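> Below you'll find the structure I mean.
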Amino acid sequence: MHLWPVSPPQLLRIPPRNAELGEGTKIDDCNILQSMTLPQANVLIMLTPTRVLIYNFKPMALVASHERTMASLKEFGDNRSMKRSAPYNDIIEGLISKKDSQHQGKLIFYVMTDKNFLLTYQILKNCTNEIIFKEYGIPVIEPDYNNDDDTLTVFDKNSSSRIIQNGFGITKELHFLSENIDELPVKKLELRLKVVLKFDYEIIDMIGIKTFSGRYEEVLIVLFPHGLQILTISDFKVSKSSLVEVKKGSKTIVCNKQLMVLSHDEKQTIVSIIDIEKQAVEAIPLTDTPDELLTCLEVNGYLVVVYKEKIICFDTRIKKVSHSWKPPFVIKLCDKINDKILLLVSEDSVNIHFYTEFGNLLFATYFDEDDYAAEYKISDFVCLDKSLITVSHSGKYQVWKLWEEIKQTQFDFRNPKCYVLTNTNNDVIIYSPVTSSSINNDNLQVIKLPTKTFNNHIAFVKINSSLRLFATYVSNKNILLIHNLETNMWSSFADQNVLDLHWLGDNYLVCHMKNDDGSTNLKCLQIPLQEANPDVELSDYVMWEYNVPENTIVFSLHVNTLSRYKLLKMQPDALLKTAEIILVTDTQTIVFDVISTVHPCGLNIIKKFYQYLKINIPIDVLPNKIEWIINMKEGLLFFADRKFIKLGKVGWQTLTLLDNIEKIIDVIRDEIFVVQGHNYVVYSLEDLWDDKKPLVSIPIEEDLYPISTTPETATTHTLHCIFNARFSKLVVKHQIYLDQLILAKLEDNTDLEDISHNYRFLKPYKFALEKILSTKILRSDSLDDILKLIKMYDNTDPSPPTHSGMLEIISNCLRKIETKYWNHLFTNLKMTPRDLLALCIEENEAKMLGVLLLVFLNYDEXXXXXXXXXXXXXXXXXXXXXXXXXXXXXXXXXXXXXXXXXXXXXXXXX
Amino acid sequence: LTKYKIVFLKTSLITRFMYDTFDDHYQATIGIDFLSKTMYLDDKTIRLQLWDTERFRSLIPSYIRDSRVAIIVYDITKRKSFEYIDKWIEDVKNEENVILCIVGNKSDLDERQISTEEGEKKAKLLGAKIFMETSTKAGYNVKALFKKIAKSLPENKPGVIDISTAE
Amino acid sequence: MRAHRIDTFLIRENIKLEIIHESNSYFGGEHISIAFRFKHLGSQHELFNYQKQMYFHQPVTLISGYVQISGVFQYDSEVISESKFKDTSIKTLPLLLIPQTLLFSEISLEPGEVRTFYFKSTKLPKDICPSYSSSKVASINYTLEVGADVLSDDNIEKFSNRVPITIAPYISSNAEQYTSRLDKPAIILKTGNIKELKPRXXXXXXXXXXXXXXXXXXXXXXXXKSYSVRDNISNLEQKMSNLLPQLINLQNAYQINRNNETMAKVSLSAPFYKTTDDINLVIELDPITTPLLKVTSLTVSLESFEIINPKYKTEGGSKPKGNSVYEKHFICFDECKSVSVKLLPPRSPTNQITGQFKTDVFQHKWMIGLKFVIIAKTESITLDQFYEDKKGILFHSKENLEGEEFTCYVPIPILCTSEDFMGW
């Protein structure tokens, strides 16, 4: 999900043109207009006005080019922008209906030149998507053939029979992960021009896809100013072509299984959904949008229209703008780097910003800070395999290596969730809060997988409760690894086809597996113990198994470990519902209550699984889009694509609870901690089920996007990236929202003496009372509530306490508060400076006088009070706050005397 | 770490510097006549101290020399608060270089009695190092102002590895 | 996390023992403080329930308990000379052992009762050999064994569990480390204190005299604070006999040259790092490398070197091999201006890279190994013309190249850490 930079970018630049552009003069363009990736073949394509370049992506290295000549440059014009024959591989409703054709075909990619020509380049390479996934670990499939394909092999100058660099580098040739897979070589490919197409109108935009006629063909949807043209090409020959009338079209896009043109008229941005078999267009005007469209985007199944000032998320189903947000800057380039995070480039082009889909800033490079052309202005960027390659018009590019958040155990309610990132260098960062303690955890733990290979695609990484086990899965090699963190011991199980992995609480692994025998899938439940003596197989650990029905297709699997266990109600053995497994299938979703016995120390050994219900989830709630589900009392609450939805009988009727939820941080004892649009909202699961007001909701103002929370301390932790060309670091900043929580509870009219008792033990609680009195007296607010709350604090002692706490809180709030509000505070507060002086004298708390001496003088309404305070401090020191205070007072007195004395005080002291 | 000292010259800005961020550094120790708070900046914890902020202020001239910084805040709605900057910006120099700071107040209060460009030009003429505009009503640049102040505050040949390849 | 390193063991089915370490690692100059928490898993409510088999909730009495810390130096005679020291090849040598200290005498635990015993060892020797386990030829292992007796059954049963303990070397204020002697008979410290814990105008005259810096004045007044090794380690970043200065030849930037021909310039973010810090490096190679040579690939790594003392080396040849802990590869076929690399070693409360230390028989060092691949810089090192025609000139990757395998090592200090990981 999230993306952070591992380190500052690696700077490179494309080689100059090999051939001579002119007959006598040579012009090395070294100017990159656009870059795009072809993960299906593990190749990255860069475009320049005079040439195309093709690199092997994972082992970054140029492999091919075209270097068009001056004759072609004059006849067809300079290259303008390239597009890919992307395989949609699902329904469009306008072009393809049956998707069974899928399968790997031709690697075609087109480039529109400066005078409306399509060149239709083709890359031929002896590779397949499965082979690429196995060899390079690029997550490409989701609908060694000798060394003949290796290229750019550097043999040693002496003893040429030995290779010093085949791929990344030879280690000059462990039983967990691993036939020469280690080299990770660079594969050769052949680029070739196939056919040139002449267009008599400007190509505003174009999109090519693959369809099935019967034989495989390609369809090009190209938007001319007068409308849309759909051209069918079988073998690079123009087959039947269709024309549809669209006015002032700006950009085509295929979103939510439907093709739509996007025009711009009267300050309107009409979206015209096109249906070509029916030959019809449906126009959907959008809300007020004065500026022209910059680029359209499809993220999470809903369109995202970008403007030079704002970005609006258009919902395809209901056909209405559901969200709008504008960043501080003005957009120049915008594109999704992963499924959730997207990249925004400001007008300066020197810095990039990782924003989440809802507009919350995640990461930013704050260049242009007057550090001084040696400036790198970005023109495009491509992200793949956790590596962002940005490019510039100056012929240079930056290769970034990014982290990547990987989903954890989905909200085990017992303890806070862990936030873990993974890297393509088989490295894992793990951050977990401190839980019970009052001191925040500032450190990130680094785990290195036991392997020197670099083609491992870590598809699953889960931490069990108590952080005493680490279950990870490498898909490209089908290897499960259980890492005991306490003893730092790895155990590997080979030939495992796990489709999903979850922890059922401590030592239990719910594993949705795929069985090669008949391609059937099952759900096993292993019990990986800490110590395995004979190197057992993963099969023998299973104690429960559920065979998924052959016809039913599983969309996802969710495992929730409950915090409070309901009594089974029948050596009773005290059977309780320790956890619950909620399988989601296209035909029916099954909820397996995990009936277990709880020992006093823990070790919730599970006894059986009971199928609670077999609810047929309606298609209206998009079961395929469910990301989390909990079987609440007599119903299911599930986080849909963007909303929380209830399904609780009471005929089974659905209901929408929250409409703009983008993330769920974690669930801790019946609290959800969701992240609504530009807000971090803490509910209680009962209240959310009943559709009541949130427990609290605090805004997200800056890059402090929450990653984890500790509700007992009312803290939210945020991952910050200290970025700089010299070095990059990841740090954790903790924001304490205790004051906001108290304010929200007071707004709820909660009876006092429970809030104080609830948060009395919290260290920031005093300061939580602060920031409320000060803010309330500022402007004009009802002050009586906070005054009573502060007053009762320190009064409910286990001799009278004399109310030291209220004294200190009031002194701190009053001193930091400006003049013209002291009188108001003293009006609300039934006390006077003389009363405060008497109170401290009774308590002999010289610190109050030390911190309130400035307020005492120039009060709201000689000067022997200073000497008295000094003497009191001295006595207290005799009976290092007091010492420091006395020193400061003495210094101030000396200064005053110099400006004006101190001898008198000294004499009085004696 | 080092204890920076920053005389201020209203009292709204000091109040806004606190009561704004609860980022684990709430415990701002307070001395006599001055307020000290630790500020977070790129894994650096720097103790910023405000020395002072009617019936008094005859001693703050002695504070200027000890203070590492001398902030200037002026009300933008009236010219007097803007014109009197010169007397104090000379006085600070009359009383070791300092990281001078210029800022207006009540920017978002009818407004802009003095053009922002004119203020920038005059600040540059006086030699001000950093100029920022803030407001009492939830200022959107006070945090940026203090961040710039913290940044401005203060905080060899290559080793030749002559060893050749193993031959 | 848990705010401390807690190891939980089950003595019997109804009793749990938690060993809490106040810090992940204990330095040479500090004590060892460990809390043993014995808790009964039974409940008082079931204590009066009335064949029942209520034995699980019966109170349990332990007569004698003990805790002892021991240290062993393990080595193989194949590389280390056994003949001059005063299972096929591994040989052990006792370094230190705290005499068996009684944890308690006649303790009784009722259901749902927790009792904590804080054990504080005497001041460890300043030159204690640090814990070292990331090795195969030599290692130093410290273990704390805690045991007791339970009368659960008719026969007196005995429980005894050993847990590893990490020891770090003493570091002075100015980065001076003691050369930990290894060829010694043994060290016999005292038993160590144990506490059960309880559940729940001279100054004026001094100040007057002082009045006649502020922090200094306060310190003087309180006299009538950098002493802990952790504080010295933390403050080390804010500067610049058996003791040896560990930070002696610091240099931010290193220049790599082979046969007087520059290859690349390596710049470190900081002159020295810690065991739990990310090593940030900037390697500028294209502008630095000579025009006649192109660095096509570069693998950086963090390696640990064991320099075996020639005195204690068996004779029967080659430089020590670097036990790599992290590696990062870069392909620089294009004109790679510079490469920023972040070598982050494993960090965990139960697993951290051992710091830099020297002993009598061997020395432990940390270095950055950079292996380059260098080829002749042709006009186009990667592309060769394949098909030329009107409107296009196709190019394709070169089948075979030629180069060398220059490798170098940049020394870098990596000292122990003050920051404590909260523990799993």
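Positions of Cβ are generated from backbone atoms using ideal geometry, with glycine treated the same way; all protein chains shown enter the neighbour counts. A short reminder: the numbers here are calculations on the coordinates, not readings from a lab.
> Short version: ³J(HN,Hα) in whole Hz for each residue of region C:377-392, in order, from phi by Karplus 6.51 cos²θ - 1.76 cosθ + 1.60 (θ = phi - 60°), x for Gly and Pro, what are they?
Values, residue by residue: 7, 7, 4, 9, 6, 10, 9, 10, 4, 10, 9, 10, 7, 4, 6, x Hz.
> Along the charge dipole of region A:739-861, Cβ charges K/R +1 and D/E -1, which of A:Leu854, A:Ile742, A:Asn844 sits furthest on the positive end?
A:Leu854
> Shape verdict for region A:395-520, please, from the Cα gyration tensor: rounded (a/c under 1.5), prolate (a/b greater than b/c) or oblate.
Oblate, because a/c is 1.5 or more while a/b does not exceed b/c.
> Something else about it: Taking A:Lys125 as the anchor, which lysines have their alpha carbon closer than 20 Å to its alpha carbon, excluding any fewer than eight residues away along the same chain?
A:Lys58, A:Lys83, A:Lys106, A:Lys134, A:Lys187, A:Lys188, A:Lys194, A:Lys210, C:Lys398
> Please list, or write none, the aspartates and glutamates whose alpha carbon is within less than 17 Å of the alpha carbon of A:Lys417, excluding same-chain residues fewer than 8 places away.
A:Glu404, A:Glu405, A:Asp442, A:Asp506, A:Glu627, A:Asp666, A:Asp670, A:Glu671, A:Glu712
> What is the Cα centroid distance between region C:376-404 and region B:1-78, reported in whole angstrom?
64
> Here is a further query. Across region A:739-861, how many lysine pairs, 8 or more positions apart or on different chains, have C-alpha atoms separated by under 12 Å? Please give the number.
Going through region A:739-861 pair by pair, I get 4.
> Treating the beta-carbon of each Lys and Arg as +1 and of each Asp and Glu as -1, no other charges, what is the dipole magnitude of region C:70-153 about its Cα centre, to the nearest 20 debye?
Dipole magnitude for region C:70-153 comes out near 640 debye.
> Assign unit charges at the C-beta atoms only (+1 for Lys and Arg, -1 for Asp and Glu), then state the dipole size of chain A relative to its Cα centre in Debye, rounded to the nearest 20.
The dipole of chain A has a size of about 820 debye.
> Round to a whole angstrom and tell me the spacing of the C-alpha centers of region C:31-109 and region A:376-447.
Region C:31-109 and region A:376-447 have Cα centres separated by 41 Å.
> Could you size up the charge dipole of region C:44-200 around its Cα centre, putting +1 on the beta carbon of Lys and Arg and -1 on that of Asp and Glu, and report it in debye to the nearest 20?
Dipole about the Cα centre, nearest 20: 740 debye.
> Can you pull the one-decimal nm distance between simple spin-label points at A:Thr750 and C:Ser234, each 7 Å off the Cα toward Cβ?
3.4
> Can you work out ³J(HN,Hα) from phi for every residue in region A:499-515, in order, using Karplus 6.51 cos²θ - 1.76 cosθ + 1.60 and θ = phi - 60°, giving whole Hz and x for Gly and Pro?
Residue by residue, region A:499-515 yields 8, 8, 9, 8, 9, 9, x, 6, 9, 7, 10, 7, 10, 7, 10, 10, 9 Hz.
> Separation of region A:1-77 and region A:112-150 by C-alpha centroid, Å?
Cα centroid of region A:1-77 versus Cα centroid of region A:112-150: 16 Å apart.
> Same structure, new question: Could you work out how far apart the two model spin labels at A:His678 and A:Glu173 are, taking each label as a point 7 Å from the Cα in the direction of the beta carbon, and quote it in nm?
5.8
> Can you give me the distance in nm between label points at B:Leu59 and A:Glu701, each placed 7 Å from the Cα along the Cα-to-Cβ direction?
3.3
> Radius of gyration and Dmax for chain A's Cα atoms, expressed in Å?
33.3, 110
> Taking a 27 Å limit on the Cα-Cα distance, which of the listed pairs C:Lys294/C:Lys391; A:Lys566/A:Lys646; A:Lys693/B:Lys147 fall beyond it?
Table pairs above 27 Å Cα-Cα are C:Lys294/C:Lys391; A:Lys693/B:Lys147.
> May I ask which of A:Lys448/C:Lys16; B:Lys10/B:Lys80; A:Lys377/A:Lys733; A:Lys157/C:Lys377 have a Cα-Cα span longer than 21 Å here?
Pairs exceeding 21 Å: A:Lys448/C:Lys16; A:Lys377/A:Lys733.
> Are there trypsin sites (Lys or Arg not before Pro) in region C:90-190 that DSSP puts in a loop and that have at most 11 other Cβ atoms within 10 Å, and which ones?
Taking region C:90-190 and a limit of 11 other Cβ atoms within 10 Å, the loop trypsin sites (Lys or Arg not before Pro) found are C:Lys136, C:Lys190.
> Considering the dipole of region A:76-169 built from charges on the beta carbon (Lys and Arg +1, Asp and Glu -1) around the Cα centre, which of A:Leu118, A:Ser101, A:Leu152 is farthest to its positive end?
Of the listed residues, the answer is A:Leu118.
> OK, next. To the nearest 0.05, what FRET efficiency results for A:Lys248 and A:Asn660 with a Förster distance of 25 Å applied to their C-beta separation?
0.20
> Toward the positive end of the charge dipole of chain C, about the Cα centre and with charges on Cβ (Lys, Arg +1; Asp, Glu -1), which of C:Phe357, C:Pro169, C:Unk220 goes farthest?
After comparing all options, I get C:Unk220.
> Which ³J(HN,Hα) values, rounded to whole Hz and listed in residue order, are derived for region C:70-76 from phi using the Karplus coefficients 6.51, -1.76 and 1.60 in 6.51 cos²θ - 1.76 cosθ + 1.60 with θ = phi - 60°, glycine and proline given as x?
Computed from phi, the couplings for region C:70-76 are 9, x, 10, 9, 9, 8, 9 Hz.
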